[PDB]
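Following: one structure in structure tokens, then a few remarks.
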Ligand code: HAS
Ligand code: HEM
Ligand code: CUA
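Residue numbers (the deposited numbering), protein chains in the order written: chain C, 2 to 34; chain A, 11 to 562; chain B, 3 to 168.
Here it is in structure tokens:
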């Protein structure tokens with residue numbers, strides 16, 4: 002059958018969570034600059 | 011069970027030895043979690059165990075037992091026994107039982123000093139922190155064992171390659187092969203660090219060791235060593251979970267490629283642990299940074315392969331719309347439940363690691379409680395949970411003792427607690443790290459030293475209680491499985507639960523290429539000569555050995 | 003079916019790949035961004051600059067603590083710091099504000115950490131070697147130094163003080 006929308010959610014929760022963490026720190030980085 | 015597969019016995023000893031290790035090492039956890047929640051329970055622990063002299067002697071056993079003794083032993087069990095059962099071959103038993111006694115004698119040798127306060131140096135043992143000679147001699151022998159583990163599996167692969175010329179390496183084998191090879195390349199740093207310095211150092215044969223060279227050589231191993239912890243789980247997650255899950259591995263090739271890429275990019279990435287070091291060139295650090303974001307690809311890949319597989323397993327057992335498939339999965343199943351939970355937390359765990367990777371950002375979180383946050387999600391969640399759950403299929407398979415209704419429920423109990431507790435603790439430690447709280451510190455003996463960190467402390471402490479139960483419940487669970495005079499042979503010879511694979515026509519060309527293992531191995535070697543050679547040569551030209559210290 | 007589902011899996015396996023690469027590359031672009039600005043100072047110098055740990059506090063730039071600070075440039079000050087079993091020297095460290103501070107750090111015993119709370123300064127200190135880092139203090143007052151590399155039983159208790167004069 003059809004497109005793995007479940008996997009596509011998971012890689013999307015992963016992608017959202019990487020960004021938060023990364024940008025979350027990059028922000029802190031410059032703030033302690 | 012024992013006498014046409016005595017591998018089952020030798021395999022079982024690697025587990026017990028390892029699980030008794032994880033138990034002892036773990037005792038110190040709950041304490042250290044409260045210690046991070048500003049409570050000093052160490053007089054309480056000092057009264058449970060008369061031999062403990064300091065937080066740090068306890069953090070040392072905890073680092074060493076759990077992350078070094080447990081994980082290697084698990085690795086040895088899985089990455090040897092699995093490939094043997096897929097191939098239906100026996101390993102050289104002479105060699106296999108030599109690996110066991112070396113992991114036992116190294117263990118013992120090291121422990122005596124550790125338990126006597128002569129090696130309170132942490133599982134990193136950075137010079138000039140000078141521990142007892144038997145702790146270096148002990149760990150070296152303990153590691154060296156894995157060299158026989160490489161050989162044994164290489165042999166089995168030589169053997170199967172021969173009975174079957176032209177044929178492609180079977181999957182678990184393919185995985186075990188690149189795994190052990192990658193681990194041989196890894197271990198060159200630590201062995202050289204041992205053989206050239208540590209061992210003479212403590213034997214009295216030199217008065218000094220270079221701190222920079224020592225750590226550079228150590229981190230050559232201390233990264234790939236973590237992949238050496240993960241793959242035995244990935245191995246299971248790829249080729250056995252999807253069965254337990256009610257479906258199939260969706261891609262044979264992707265799983266090989268994943269592991270291939272690990273063989274390639276696990277070793278040349280160590281200056282990610284040294285961003286904060288002197289005497290290592292800014293250019294090289296960035297180079298080591300790019301490559302680290304690279305080693306993250308396999309796992310990003312893994313996320314998709316694996317997700318799909320579960321979605322399709324949940325599709326198979328009647329799983330509905332956007333999320334329906336998640337419910338349809340066998341949530342009654344400790345073997346299923348333990349790594350899937352680990353995998354949820356692996357998400358955050360990874361998303362931390364990549365911040366960690368990115369050079370300049372590592373100056374925000376380095377040596378804070380954030381690295382703990384990070385790695386617990388990784389090795390004390392996912393690897394350990396995959397480990398824990400796996401007794402529910404692997405242990406019956408080794409001994410022939412079936413698992414009752416209640417021992418299962420006791421397991422489900424353990425895993426949901428362990429996971430939740432690990433989640434919780436990760437909030438605390440991450441949070442605490444951003445609030446600059448250092449790691450490896452007895453911070454509850456300075457109560458007014460982190461007053462702005464009141465809240466995450468709550469979480470640490472709370473995770474400490476939960477995870478104390480978690481562990482106690484586990485100890486009980488474990489031993490009820492191990493000490494029941496409940497036995498049947500017929501399920502002990504009943505095959506490992508390997509998943510069937512979805513495999514397309516395009517596989518052929520791609521899978522044949524990745525089988526060129528001698529070549530891929532050579533490249534990995536070159537990748538490490540390129541990435542460490544320049545910097546090492548420099549250091550080896552300008553060596554500044556300094557005397558040893560004992561500060562506990 | 004079954005074969006019908008392997009194809010469409012692999013495409014998105016490629017697609018997810020494509021994306022994750024770009025995304026990972028942008029990170030790499032943003033990192034070498036931080037590398038092109040002033041914040042790049044906190045990266046230790048690469049050049050090996052070797053010292054002797056058993057002499058460092060009797061001769062040379064680390065012996066007298068009242069020698070610590072030196073105008074080394076028109077808006078540049080070098081501060082020679084000694085991290086040692088359970089403290090820092092000088093205590094406190096006194097540096098002016100808005101100036102570029104070039105910290106030169108080392109240890110006479112084991113490894114320590116040099117983590118200045120509130121800042122990006124987070125450099126390992128190693129016996130025998132000299133950690134060179136640079137940083138411009140933007141907001142004045144007391145900063146707290148934390149040793150964040152286990153150094154022995156008094157680790158938890160090894161704090162210093164930076165004093166950045168307006
Ligand atoms: C075994 C445990 C280990 C893993 C695994 C691990 C992963 C990474 N780490 Fe790390 N780490 C670092 C970078 C990374 C990177 C780039 C990755 C990557 O391999 C991460 C890859 C992971 C992902 C890309 C996420 C994939 C997610 C998956 C696969 C789960 C999805 C779930 C699904 C699909 C299930 C859904 C199912 C349903 C039913 C919903 C760096 C710097 O680059 C530092 C140094 C920091 C410092 O200053 O010391 C560091 C620090 C540590 C230390 C401290 C050592 C010490 O004491 O000094 C340890 C022990 C450790 C272990 C581990 N670490 N790490
Ligand atoms: C009972 C659950 C556990 C708890 C509550 C726990 C608690 C802790 C805490 C609070 C820390 C940070 C302490 C500090 O930085 O001073 C820590 C460190 C650590 N933990 Fe765990 N732990 C547990 C289980 C495990 C397991 C099973 C492993 C390995 C698979 C592990 C691996 C490590 C390692 C490698 C460190 C670093 C120690 C060092 O810096 O030398 N932990 N643990
Ligand atoms: Cu000096 Cu911790």
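Note that the Cβ used here is the ideal one computed from N, Cα and C, for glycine as well.
Cutoff 8 Å: residue i Cβ touching any chain C Cβ
i, result
"residue 487 (chain A)", "no"
"residue 268 (chain A)", "no"
"residue 349 (chain A)", "no"
"residue 3 (chain B)", "yes"
"residue 469 (chain A)", "no"
"residue 509 (chain A)", "no"
"residue 162 (chain B)", "no"
"residue 79 (chain B)", "no"
"residue 7 (chain B)", "yes"
Residues that DSSP places opposite residue i in a beta bridge
i, result
"residue 114 (chain B)", "B:127"
"residue 315 (chain A)", "Answer is none; residue 315 (chain A) lacks a bridge partner."
"residue 17 (chain B)", "In the DSSP output, where bridge partners are listed per residue, residue 17 (chain B) has none listed."
"residue 259 (chain A)", "A:511"
"residue 139 (chain A)", "A:559"
"residue 161 (chain B)", "B:148"
"residue 52 (chain B)", "B:131"
"residue 107 (chain B)", "B:83, B:133"
"residue 336 (chain A)", "DSSP lists no partner for residue 336 (chain A)."
"residue 90 (chain B)", "B:85"
"residue 73 (chain B)", "B:79"
"residue 96 (chain B)", "B:165"
"residue 138 (chain B)", "B:102"
"residue 378 (chain A)", "A:448"
Below-8 Å beta-carbon distance, residue i vs any chain B residue
i, result
"residue 363 (chain A)", "no"
"residue 370 (chain A)", "yes"
"residue 277 (chain A)", "no"
"residue 34 (chain C)", "yes"
"residue 22 (chain C)", "no"
"residue 451 (chain A)", "yes"
"residue 4 (chain C)", "yes"
"residue 559 (chain A)", "yes"
"residue 286 (chain A)", "yes"
Same chain only: Cβ atoms within 6 Å of residue i, ignoring 5 sequence neighbours per side
i, result
"residue 78 (chain B)", "102"
"residue 365 (chain A)", "371"
"residue 82 (chain B)", "63, 64, 70, 106"
"residue 146 (chain A)", "208, 209, 212"
"residue 24 (chain A)", "83, 86, 87"
"residue 156 (chain B)", "88"
Residues near residue i by beta carbon distance below 8 Å, same chain, minus five either side
i, result
"residue 311 (chain A)", "264, 267, 268, 271"
"residue 425 (chain A)", "344, 347, 348, 351, 395, 398, 399"
Beta carbon proximity, residue i to chain A, threshold 8 Å
i, result
"residue 13 (chain C)", "no"
"residue 152 (chain B)", "yes"
"residue 112 (chain B)", "yes"
"residue 50 (chain B)", "yes"
"residue 18 (chain B)", "yes"
Contacts around residue i, its chain only, beta-carbon distance under 7 Å, and the 5 residues preceding and following it disregarded
i, result
"residue 556 (chain A)", "138, 218, 221"
"residue 252 (chain A)", "258, 259, 319, 323, 509"
"residue 93 (chain B)", "162, 163"
"residue 454 (chain A)", "45, 48, 49, 50"
"residue 261 (chain A)", "315, 512"
Touching or not, the stretch 131-150 of chain B and the stretch 109-121 of chain B, by the rule of three or more beta carbon pairs under 8 Å?
Using a Cβ-Cβ distance cut-off of 8 Å, the stretch 131-150 of chain B and the stretch 109-121 of chain B are in contact, since at least three pairs of beta carbons, one from each stretch, lie closer than that value.
Under 5 Å from any heavy atom of the ligand CUA, by CB: list those residues in chain order, please.
Those residues, listed in chain order, are B:114, B:149, B:153, B:157, B:160.
Counting Cβ pairs, one atom from each stretch, are 3 or more of them under 8 Å apart for the stretch 191-200 of chain A and the stretch 144-162 of chain A?
These segments touch.
Does the stretch 465-480 of chain A touch the stretch 35-46 of chain A, meaning 3 or more C-beta pairs lie closer than 8 Å?
Result yes; three or more Cβ-Cβ pairs closer than 8 Å.
Is it a yes or a no for the stretch 113-120 of chain A touching the stretch 162-182 of chain A, going by three-plus beta-carbon pairs under 8 Å?
No, the stretch 113-120 of chain A is not in contact with the stretch 162-182 of chain A.
Should the stretch 173-192 of chain A be regarded as contacting the stretch 526-535 of chain A, the criterion being three or more beta carbon pairs within less than 8 Å?
Result yes; three or more Cβ-Cβ pairs closer than 8 Å.
Assess contact between the stretch 235-255 of chain A and the stretch 79-96 of chain A, defined as three or more Cβ pairs (one per stretch) separated by less than 8 Å. Is contact present?
Flag = yes, the stretch 235-255 of chain A and the stretch 79-96 of chain A touch.
Any contact between the stretch 431-438 of chain A and the stretch 475-484 of chain A? By contact I mean 3 or more CB pairs, one from each, below 8 Å.
Yes, the stretch 431-438 of chain A touches the stretch 475-484 of chain A.
Validate contact between the stretch 284-297 of chain A and the stretch 41-52 of chain B using beta carbons, cut 8 Å, 3 pairs
Yes, they touch.
Segment contact flag, the stretch 402-419 of chain A with the stretch 495-507 of chain A, C-beta cutoff 8 Å, min 3 pairs:
Short answer: they touch.
For the stretch 25-34 of chain C against the stretch 89-100 of chain A, do three or more pairs of beta-carbon atoms, one drawn from each stretch, fall closer than 8 Å, so that the two count as touching?
Contact between the stretch 25-34 of chain C and the stretch 89-100 of chain A is absent, because fewer than three Cβ pairs lie under 8 Å.
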